[PDB]
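In: This one is an experimental structure. Sequence first:
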4 protein chains.
Amino acid sequence: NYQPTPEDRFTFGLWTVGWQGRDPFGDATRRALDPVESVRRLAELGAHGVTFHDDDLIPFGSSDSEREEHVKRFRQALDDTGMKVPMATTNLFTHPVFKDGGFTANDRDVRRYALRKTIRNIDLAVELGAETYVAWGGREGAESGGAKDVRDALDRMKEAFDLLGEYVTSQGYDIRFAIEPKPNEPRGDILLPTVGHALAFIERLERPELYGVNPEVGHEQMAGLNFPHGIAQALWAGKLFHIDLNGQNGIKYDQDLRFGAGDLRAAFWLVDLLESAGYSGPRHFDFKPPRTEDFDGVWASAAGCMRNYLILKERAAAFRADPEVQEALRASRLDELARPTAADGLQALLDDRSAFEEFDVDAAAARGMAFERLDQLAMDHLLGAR
Amino acid sequence: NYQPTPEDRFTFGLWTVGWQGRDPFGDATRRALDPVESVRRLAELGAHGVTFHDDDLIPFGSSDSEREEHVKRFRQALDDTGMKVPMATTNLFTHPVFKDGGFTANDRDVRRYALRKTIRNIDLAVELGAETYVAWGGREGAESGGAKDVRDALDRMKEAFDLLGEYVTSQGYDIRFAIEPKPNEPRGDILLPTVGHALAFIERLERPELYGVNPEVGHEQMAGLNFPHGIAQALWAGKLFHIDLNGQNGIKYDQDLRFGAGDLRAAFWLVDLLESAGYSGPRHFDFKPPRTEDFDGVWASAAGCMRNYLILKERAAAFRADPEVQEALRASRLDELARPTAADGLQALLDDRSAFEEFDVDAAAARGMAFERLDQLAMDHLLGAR
Amino acid sequence: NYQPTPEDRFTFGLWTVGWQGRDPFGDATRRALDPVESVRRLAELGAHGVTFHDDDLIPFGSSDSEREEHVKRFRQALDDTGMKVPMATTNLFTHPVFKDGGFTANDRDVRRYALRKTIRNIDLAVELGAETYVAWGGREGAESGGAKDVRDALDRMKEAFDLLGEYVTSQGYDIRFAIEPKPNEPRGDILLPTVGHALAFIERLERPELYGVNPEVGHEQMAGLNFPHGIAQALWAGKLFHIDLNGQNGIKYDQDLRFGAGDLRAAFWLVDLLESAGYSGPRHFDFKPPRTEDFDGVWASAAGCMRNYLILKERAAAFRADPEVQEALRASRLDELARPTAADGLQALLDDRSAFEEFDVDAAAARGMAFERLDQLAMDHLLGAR
Amino acid sequence: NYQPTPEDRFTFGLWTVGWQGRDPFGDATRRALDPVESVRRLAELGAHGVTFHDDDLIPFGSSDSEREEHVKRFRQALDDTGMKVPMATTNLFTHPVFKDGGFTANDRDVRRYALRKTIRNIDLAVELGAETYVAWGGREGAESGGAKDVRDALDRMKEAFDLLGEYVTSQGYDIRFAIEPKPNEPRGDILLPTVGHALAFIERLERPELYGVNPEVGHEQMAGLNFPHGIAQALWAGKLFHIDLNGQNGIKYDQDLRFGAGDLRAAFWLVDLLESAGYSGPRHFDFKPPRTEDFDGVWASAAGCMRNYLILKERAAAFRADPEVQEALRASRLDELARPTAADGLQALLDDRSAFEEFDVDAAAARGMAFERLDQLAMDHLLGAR
């Protein structure tokens, strides 16, 4: 019954199950978790792998020798379990030095430090086998309009990502970058606030082929946007390098609920899209077990993430396989949407009286779309009520 | 006393001051305006020009004699007043035939009709002098997840815009296209919901140089986004072809308040940005005088749009000219933000011990950013307490 | 399979299935529906009854004779089907005379007219057997801060509802009032914007026992609030006289989706609460079949409303009946929440060292709440995956 | 030059200027402030007084010697400066023991401990001169629908507040309670989420005269609500015991910006309302200097709160005094709104043919409301263009 296996490619950040529960108005409720324990317990739950910020694995300010010992212990646990590390990222948001940003800090010396800290961890990520290096610019932005010249900040952002691309190209690394957009929190407004803005920015990088997006369910929903629609545009662009799964109740603080909570119908359509499109990347959960929970609740919440994905996968597959649903899709002309509008070309369209002078507007306007019957078939499938 | 004149390039849609007050819960409160009267009244208020949807000028279904008569009357008003027509657009949203979209309707015959209706109005727009042709895909989208395959819809949208670019290129027209993003309303979710999504889409068109964005204040605010930040990204990309100005109180239905209402501070930072950057396009008001108003109130509301822009322009200019503000900008290191992070190059950065091995993290972290003093100077200037 | 029956007390407004599809940016897509047809078709679907605004049943401006004929036809259809009319309301929002409100219009003559129009329809509602008279003040409010003195408007609101209470008391009618709060749309902000504000206002009426609330799913979700939580406070207060069911995707324009769409998990917890608490009033659907639909889609959407309520009722009943769920509720101490905190009294609490001086804060802080396991049992039940 | 003085009754929480900058994504950026220093600095800026949570003054877990020493130092600072303490509150949200609430924790022993912690601090508040005791139930609520039975929780909340009212009555204290509503954060949904819900709850307490509200600008705006409208309802009910002033950009995480930031127009209408109505309580700033700031920025931010209130007070006074505004208010019939609708009584209204049979609906509907001219006069005054 909806048991995950490592072939499902479910992954978790060390900082997810390891979140000690410190929140905007509260102290930690759980003791710290050894990454070695997280690797072992996630393996037992059926996960494929784990991910990390540099500072999750190596305490900030560690000597080279302490750093080697921390990585060695972690690698031993990976070797013992067969767990993978498909993605890594840099923490450029917790330390006070990054209070005005890393790559777009107004202070130039901070921008240079942020790049050096990142480059060091790209090397570590490559040693551990990561295929994707995520950048979440949580401190890039402003609370007030005068504090940040956004055109200059975008220049600095581009410069930073261009330098990082030069680094991985010069080193011959087979790792690619994924930009994680977020609209706000912790800054009043964050730069590159949605999947759209990030995709647009990537097209102006010197080596755009090296960069994609890492969209997160909750982040897009914090702007009230349709997450499956945004994922569709990322897939259409060839840029869905990674994805972050969790739950969110619309427009409020970043909740990081387990996947399936929040907007359940959006989670269904998301899984339908990922599976139909053949997305082959990690299904990464960037969530936080609520601080009400003890460690039994931590592992229950992590298990729930994977369970809900697998239930939704089954229901979406049943929906698509149902001949009654296929009939409803045809009745609603979803198949016709895939036909080119004018493969006959511009001149033929202009010459086609059936497209204007002889187009029966009122007859076309009278055609029902049959979308409600289609959506109720989807609801029936989601709820197992067919 | 903040009197607008045609040099200010303020423009209005016929459908703005001409809105009869119908809403989904309410019947019209004002009689219809003759476009000729709107042109004359707007000219008397100091406007530079007007804009139109095809259906605002030419009643839908008009014979070619009626269409000719309507255009001649409108042209005569333009000739009498000296009013310009810098922009036009197609109504692909009011008539029931467009209830599932124009360019991305599931029905192919509707997609072709939408293109032919647009092409006809591009010709008229060019005749009347428009430099920009706006596309607002208000019916492109869905209420339910199964109703629209967004990857197929993006293919159809690209095909449509590619054909339009072929048309203008083949005719030798100088006009360019501006895509108007909106996140929702009237569809549950609209395709290309933000400036970012539209900018990203444009980069995948066959002739991207022919396309930019027409962002609207209220649209981006309906997603909770920072409108000046989005305009900055459009300017950074070279894609701010046109702009729609109005007011909105954050995340709720599309209010179309007069410019300056809604988020007043955001309006200040917007005007500062447009004026600083040297934006030279129309300052177009896409707003609706509330239906509480008679026609005296319609013209007061239109005059208020321009008045508020001019007051804000003065305050932003005073802010930037103030020596105390120039000092505060230096204190907050806005000058450092404009400097390249690493013009010495990647290898020099990697070899620079001051950027990592010898970087004093705690000394850097102790530096205040002085953003609050800067913002209070901005507040003082906005409110005329400076 | 989830077939509704009239004993389920499902009701629909004439204006729901009869919505012709005119929306903020679009003309009607469907012809008008005869109320007699709506009564017959809703009866065939298993509905219990219908509801009406005065102007839905009797065209505004009808003579007494036309009014009698319209009501007679409608009553004949009710008599032929056994359908009931449990609720009625006044349209004080469509006609331009109400553009600044009915009961709180700034113009005093309009306020008096609004009351007379309402009183006439209370008489009709009583003739048709309505137990609840709903008041939705959709035009009560403002777009700008100077337009409406809210303290004076609340005085006028109270005066109006007090007069209506005097009327029903003097006539000896066994009908009660239900105030429908909404936060915005069509006004920029509406007076009494949530269930809370309406409950608070009712307590200051002269005859509070005559007044309750008619909360609507989407209305509370347009403020981002938790609809089941608000319903719980209404039930706690003894004030849930009626309820309006539909769907809404969080904070945007009022979508009026069919019940079950929008926030599906919130719909589950709502049905769980209504059924557990023993709510015995109508389950009224105030929804609009989307304008994409023909009349087959209208009736499908209406059927879907009832179907989704019944599926959710089954899943919530299964959840509560599951001994594993009951065990999880006890593990999370939901039963302990029902114990009085200090039925021993204030003095005993102050004297109880176990409540302060000997309270082991760290032992209590270490107790997990087990809420995630409980919520995953709820998810499993909702999706039929137990 | 808008200098605050103690006559203005501006107050600040120790936790405001004392916020060290920790957020869920970030470590502290400022060292801890001695409350004695905060009292002295706030006095130098012109503040009237300070407020505190128990835990801000007395480190949690302090012995009675340490508690005594801390209170004496604080009192000495109050005596030295003349600063008052008009309000105090209990911290029932930071410590992990409160992770499921204080008064509505599922565990009864926690509910009793929360009450005892509150009662102890009521005694201290009264000793230091507080007239208002605030309760912000930041942990009362849930992330999931099964975790909290809201009807039982409201019973427990009423029981707690009833006991507190018995305590103050039994001791003969003059202090009154003010409930601070908030819709979410740190819980997914908080109980009593808005001013309306809190006002409604108070009416069901045993001694309702002892309880009012402490609304906070940002809290109501986090639900998209109109804060001046909510304050008007609290004033109408006689329940505005205290008020918390800050800034917020609509629906997103709790930003706690300085007052005047966020929604500037709403701040103008708020100050107009408080001053017009003769509100005589503290003007309390519950804000956080952003973590980008050093201590010079902390004091600049605090000074800016008061400066912005005073500028707005001047502009609102100028608006109301302007003869042109008095004319515009008459043109918009704000005077008619203050007149009773039907002081002649129900029977006279029913018998008045001018209110119905002879009411000229279309003549009434033709009247403009002149709200746009009125609002532009308000804008002109706010911006000092008048």
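Out: Perfect, I can see it now. Residues are numbered from 1 along each chain as shown, chains lettered A, B, ... in the order given.
In: Tell me how many other residues crowd residue A:218.
Out: Look at residue A:218: counted by other C-beta atoms under 10 Å in any protein chain shown, it has 26 neighbours. All C-beta spots, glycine's among them, are computed from the backbone N, C-alpha and C.
In: Excluding chain neighbours, what is closest to it?
Out: residue A:248 (3.4 Å; C-beta to C-beta, 6 or more residues apart in numbering or on different chains).
In: Equivalent analysis for residue A:355, please.
Out: Spatial nearest neighbour of residue A:355, chain neighbours left out: residue B:112 (4.1 Å); criterion: C-beta to C-beta, 6+ apart.
In: can you pull the buried residues of stretch A:235-245?
Out: Using 16 or more other C-beta atoms under 10 Å in any protein chain shown as the test for burial, stretch A:235-245 gives A:235, A:236, A:237, A:239, A:240, A:241, A:242, A:243, A:244, A:245.
In: Residues of the stretch 201-350 of chain A that sit close to chain C?
Out: Contact residues (C-beta under 8 Å from any C-beta of the partner chain) of the stretch 201-350 of chain A with chain C: A:224, A:249-252, A:258, A:260-265, A:289-290, A:292-297, A:300-301, A:303-304, A:307-308, A:311, A:315.
In: among those, which are in helices?
Out: Judged by DSSP state H, these include A:264-265, A:295-297, A:300-301, A:303-304, A:307-308, A:311, A:315 as members of helices.
In: still on that earlier bit, so can I have JSON lines of the buried residues of stretch A:235-245 showing secondary structure?
Out: Shown next, in JSON lines, are these (DSSP: H, G, I helix; E, B strand; the rest coil):
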{"residue": "A:235", "secondary structure": "helix"}
{"residue": "A:236", "secondary structure": "helix"}
{"residue": "A:237", "secondary structure": "helix"}
{"residue": "A:239", "secondary structure": "coil"}
{"residue": "A:240", "secondary structure": "strand"}
{"residue": "A:241", "secondary structure": "coil"}
{"residue": "A:242", "secondary structure": "coil"}
{"residue": "A:243", "secondary structure": "coil"}
{"residue": "A:244", "secondary structure": "strand"}
{"residue": "A:245", "secondary structure": "strand"}
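In: one step back: drop anything exposed from the residues of the stretch 201-350 of chain A next to chain C.
Out: In these, the ones that pass as buried (16+ other C-beta under 10 Å) are A:224, A:249-252, A:258, A:260-265, A:289-290, A:292-294, A:297, A:300-301, A:303-304, A:307-308, A:311, A:315.
In: Mind picking the two most distant members of the ones in helices among the residues of the stretch 201-350 of chain A next to chain C?
Out: A:265 and A:295 (31.4 Å; C-beta to C-beta).
In: Strands of the stretch 251-386 of chain A, start to end?
Out: A:283-285 (DSSP state E, counting those that start in this stretch).
In: rewinding a little: near chain B, from the residues of the stretch 201-350 of chain A next to chain C?
Out: Among these, proximity to chain B is found for A:224, A:251, A:265 (C-beta under 8 Å from any C-beta).
In: dump the residue contacts of the residue of the stretch 151-300 of chain A found nearest chain D.
Out: Minimum separation of the stretch 151-300 of chain A from chain D (C-beta to the nearest C-beta) falls at residue A:253, amounting to 4.0 Å. With contact set as C-beta atoms under 8 Å, 6 or more residues apart in numbering or on different chains, residue A:253 has these partners: A:24, A:185, D:184, D:185, D:252, D:253, D:254.
In: before we move on, the earlier item: in JSON lines, list the ones next to chain B among the residues of the stretch 201-350 of chain A next to chain C along with distance to residue C:367.
Out: Formatted as JSON lines, these follow (distance: C-beta to C-beta, whole Å):
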{"residue": "A:224", "distance to residue C:367": "37"}
{"residue": "A:251", "distance to residue C:367": "33"}
{"residue": "A:265", "distance to residue C:367": "34"}
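In: Out of these, which is nearest to residue A:30?
Out: residue A:251 (28.3 Å).
In: Assign a three-state SS to residue A:134, would you?
Out: strand.
In: got a list of what it touches?
Out: Residues near residue A:134 by C-beta under 8 Å, 6+ apart: A:51, A:87, A:88, A:89, A:177, A:178, A:179, A:180, A:214, A:242.
In: Of all pairs in those residues, which one is the farthest apart?
Out: A:51 and A:179 (15.6 Å).
In: Would you mind giving both backbone torsions of residue A:137?
Out: phi -90, psi 70 (degrees, to the nearest 10).
In: Count the residues that sit near it.
Out: By other C-beta under 10 Å, 26 other residues sit near residue A:137.
In: so how far is residue D:239 from the closest residue to it other than its chain neighbours?
Out: The shortest distance from residue A:137 to any non-neighbouring residue, by C-beta to C-beta, 6+ apart, is to residue A:191 (6.2 Å). As judged by C-beta to C-beta, to the nearest Å, residue A:191 and residue D:239 stand 43 Å apart.
In: residues contacting residue A:245?
Out: Per C-beta under 8 Å, 6+ apart, neighbours of residue A:245: A:216, A:217, A:259, A:283, A:284, A:285, A:286, A:287, A:305, A:309.
In: which one is the fourth one nearest to, not counting chain neighbours?
Out: Right, the one you point to is residue A:283. residue A:10 is the one closest to residue A:283 (C-beta to C-beta, 6+ apart), at 5.1 Å.
In: Surely that neighbour and residue A:48 touch.
Out: Yes - shown here, residue A:10 and residue A:48 form a contact pair, counting by C-beta atoms under 8 Å, at 5.5 Å.
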